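Only one chain comes next, encoded as structure tokens, the form deposited without the named molecule.
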């Protein structure tokens, strides 16, 4: 019903939800409710323009997002609403490559490569090419190769004109691929490019999709890279009508491939594409939006817009100058204690910082105050070492040619397959262009390895073959439990020293549970299905989930969240903005955008703080306040301070 979908929505949201089928850019301000627009828009396309759920493809970047969206779509709607592709670039890209793996030149069960895996593979290849890992860093190689793919550039496209400095990397890249392709491996970047290329080379397939997906919605468009923009464009073609939602002002992932352009490029490569601006904010108080507005104007790129609210101005924005970094912490904690002692929840308080560096000091301060908290730093579940070791065994069960999985657990736990043995193996793979496993088979046959070692290498191969069979007809969480024991991993981590050893076992226990609860769906078998899941869904950092805890994280990982109380620390020049943005650049505007984001995360109160002194790795330093703090209105601001009042008793 037309009113069912438009009544709760505001004037300009309706504009977006009810516009005619076409290409349009919905420029979503900060607390404007863009998701609500995306959800309502989709239900509108189905109910009003009467489109088939199979004609809709909403794409996001994070899984959290994909889920929130898949969830909300359901409740506004009747039921499941299947037939509708909702997911992330990588996720949807992965989906296509499975459905058309053969036409994509990929094997049945190709496996995905997470950062680590990829990083290690480069290291092995750089060495096996006799290159100085000291002056040819894998980390560097990685950046080169990922950056290359985010442009659709394969090795035979690199135009290294004369500097071997580049002609060399191309070499690495060429080997990396040759290897990956030989083992059935695909990294994140590959997923998009292979998909893209897939449409380029197979007209009928591309045709089949242009025919199905006529309604495309893309969120966070300001964070797309060149190949994603391209992938969308190619799919929309001439028929598809795409709605892109974005904020050219919250783009803060440029240092990894995000194109500030794309949001405008859309407008250019799309005449007729109108632009609906959502500027009513239902998040913050008027002062916050004021300061927010003010700040962001200082940047020049911008497509323009002013966040406004119907709510009261609210409390002013508190600024604080602390002695040193350790005082700044106590300040934040005491404001929070007050919050709490007045009935405030801890989980409604967030302390934001620019660098992970800044968390240490904050925690002790919180801990000392016996104040519960949660940090959102790193180490996802499917990235912990005990988990990857386990997965690499399952990985070997699916495909013996998974060099990455082989290299990882062949001698993990130690089973006597040393370096002199593995050195021979890794070289044979190069010279006879074979996958590690293949090479171990010919060498064994040829008896080219030292008897005792060879005997060990053998026993290994037999173990994997034995598990690949014995475990064929078992439930996923049974096969997992068996592999975790037979691999010898449990025994290894069982006897690992103290607290850490404990933690690693409790996680292997969690891996089985995750497998148990793993809900099927479909296209592939559970083990592969599950491996794909673990590679694409990092999966958080465990329990301690019920406690009312204060929220700590970097500004980057606060994007999209909102808290009544938001504390931003380290607001000083030399830290925010810092190095790069100082000695000449322009990443500065990105830094002010990051700032802008932080500011627009506050609902009731914002407290910015900085110190006159902090011990920046090494000596004491004396930073002055971020220019950002000075770019906020004087009326919306309120400076707090402690003064030495010596009263003669």
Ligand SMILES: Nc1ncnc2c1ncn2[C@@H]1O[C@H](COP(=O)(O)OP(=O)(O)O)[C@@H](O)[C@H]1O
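We call the rigid core whatever largest set of C-alpha positions still superposes within 1.5 Å between the two forms. Residue numbers count along the first chain shown, from 1.
Omitted here: the form solved in complex with the named molecule. The next part is about that form.
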Can you say which of 41-49, 23-31, 55-63, 611-619 gets within 4.5 Å of the named molecule in the bound PDB entry, counting heavy atoms only?
-> 23-31
The listed residue (72, 196, 210, 374) that reaches within 4.5 Å of the named molecule in the bound PDB entry by any heavy atom is 72
Name the residue from 408, 149, 283, 504 that puts a heavy atom within 4.5 Å of the named molecule in the bound PDB entry.
-> 283
Looking in the bound PDB entry, any heavy atom of residue 637 within 4.5 Å of the named molecule?
-> no
Are any of the heavy atoms in residue 19 no more than 4.5 Å from a heavy atom of the named molecule in the bound PDB entry?
-> no
Exercise: residue 13 in contact with the named molecule in the bound PDB entry, heavy atom 4.5 Å | yes
Using heavy atoms and a 4.5 Å limit, would one call residue 35 a contact residue for the named molecule in the bound PDB entry?
-> yes
Picking from 176, 393, 213, 353, which residue has its CA shift by 2 Å or more between this form and the one not shown, once the rigid core of the two forms is superposed?
-> 353
Take the rigid core as the frame of reference and indicate whether the C-alpha of residue 109 shifts by 2 Å or more between this form and the one not shown.
-> no
Flag for residue 427, CA shift 2 Å or larger between this form and the one not shown after aligning core | no
Rigid core superposition, residue 372 Cα moves 2 angstroms or more between this form and the one not shown = yes
